[PDB]
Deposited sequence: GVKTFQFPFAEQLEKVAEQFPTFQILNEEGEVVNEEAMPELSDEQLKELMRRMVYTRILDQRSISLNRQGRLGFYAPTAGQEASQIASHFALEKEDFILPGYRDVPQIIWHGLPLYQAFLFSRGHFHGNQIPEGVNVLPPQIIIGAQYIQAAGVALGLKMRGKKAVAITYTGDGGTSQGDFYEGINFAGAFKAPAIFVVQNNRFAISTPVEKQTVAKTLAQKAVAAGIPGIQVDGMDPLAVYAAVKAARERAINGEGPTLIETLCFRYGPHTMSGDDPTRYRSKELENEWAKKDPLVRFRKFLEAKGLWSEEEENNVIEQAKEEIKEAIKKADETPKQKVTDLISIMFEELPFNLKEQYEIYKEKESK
């Protein structure tokens, strides 16, 4: 019987999505051609931010166990994927984060104490400062992708030379909204950057159980847009991919999908939950290779690292104090932010709760 070349098909499509890498685990440059143009100060700032973010995760976990934080999704291990991608953005760019993408929106301008109030569950945590282009973290997986296509189209219609960037995880890619978002952006040639952070696990679910797709980058093919699979533990690879995607978008050529290969060293969240598979990825730590890369260039030192750590600890201490001091929510606060003009039922209930709060 006649045989279609399906094995070849699978293999040939795979060949189009090889893992992009600039820096190996020893901090050696293995792709000089693709090295992004960054000043010495930029490279240092990149490291500072990743170190800072690692400390933020350690403190957030401790503060959660103390009851001083609420909902928290650990980020340790994803600093290249989260901080180096953000580092490629401009202030005019719009971020649509998932629930784990708190570090990106902090670096983009959300005050740390508001991030803590988001965790705790306080409307003030979500009152984004004006002109800071972010949404609060999205709980509905994939919803941020279809919203991102609309933000990107909005930017395009206004002639802005900016992108919408959005983040989800490997589990995220199985959602209808994941596919609809990339396809809509593709269809409108919209300046969107879609980032898939593949940390191997959707809660307890291995990525192998999401899909038989051999990469997640290749899902771009279904929208007819370019995809890139990147070493997600490599700050320079991540940066270079998002930078390239941004350039393509802002010049009218449409979106890109980027899959980062990373890991989260911690639990899914702090709500509910191999030792050797955790140890394997511990050696690939983005901090390790970037430390080596900078130290070989005379751009980093124990003293600078220790300084950033203490700076992070002090800023976290003050942010949590500032969260403690924000006034408690009243039902009349929640009613007042429901509409511009209160409908009759909410008018009545406002008076009831005003009187109760008196």
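Trainee: Compare the deposited sequence with the modelled residues and state the ranges that are missing C-alpha positions.
Mentor: Missing from the model are residues 1-3, 277-282, 368.
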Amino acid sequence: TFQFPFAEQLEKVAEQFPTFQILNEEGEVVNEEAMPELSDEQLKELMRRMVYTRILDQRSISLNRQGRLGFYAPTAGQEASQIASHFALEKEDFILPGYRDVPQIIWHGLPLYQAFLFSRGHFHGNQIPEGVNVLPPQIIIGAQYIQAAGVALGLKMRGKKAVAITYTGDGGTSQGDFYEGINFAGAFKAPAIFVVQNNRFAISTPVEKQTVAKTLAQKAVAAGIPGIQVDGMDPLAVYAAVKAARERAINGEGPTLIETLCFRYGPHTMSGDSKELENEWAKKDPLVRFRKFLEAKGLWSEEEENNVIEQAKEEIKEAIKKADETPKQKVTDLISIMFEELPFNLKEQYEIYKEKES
From here on, numbers count along this sequence of modelled residues.
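Trainee: Can you tell me which stretch has the higher mean Cα B-factor, 281-289 or 113-121?
Mentor: The stretch with the larger average C-alpha B-factor is 281-289.
Trainee: Pick between 210-218 and 134-142: the one whose mean CA B-factor in the entry is higher.
Mentor: Higher mean C-alpha B-factor in the PDB entry: 210-218.
Trainee: Ranking every modelled residue in this chain by its Cα temperature factor as given in the entry, which third contains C262?
Mentor: Tercile = highest for this residue's CA B-factor.
Trainee: Considering only modelled residues of the same chain, in which third does the CA B-factor of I203 rank: lowest, middle or highest?
Mentor: Tercile = highest for this residue's CA B-factor.
Trainee: Compared with the other modelled residues in the chain, in which third is the CA B-factor of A80?
Mentor: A80: CA B-factor falls in the middle third of its chain.
Trainee: Could you say whether, by C-alpha temperature factor, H268 belongs to the lowest, middle or highest third of its chain?
Mentor: Highest third, going by the recorded CA B-factors of the chain.
Trainee: Looking at the C-alpha B-factor of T256, is it in the lowest, middle or highest third of its chain?
Mentor: As the PDB entry reports it, the C-alpha B-factor of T256 lands in the lowest third of its chain.
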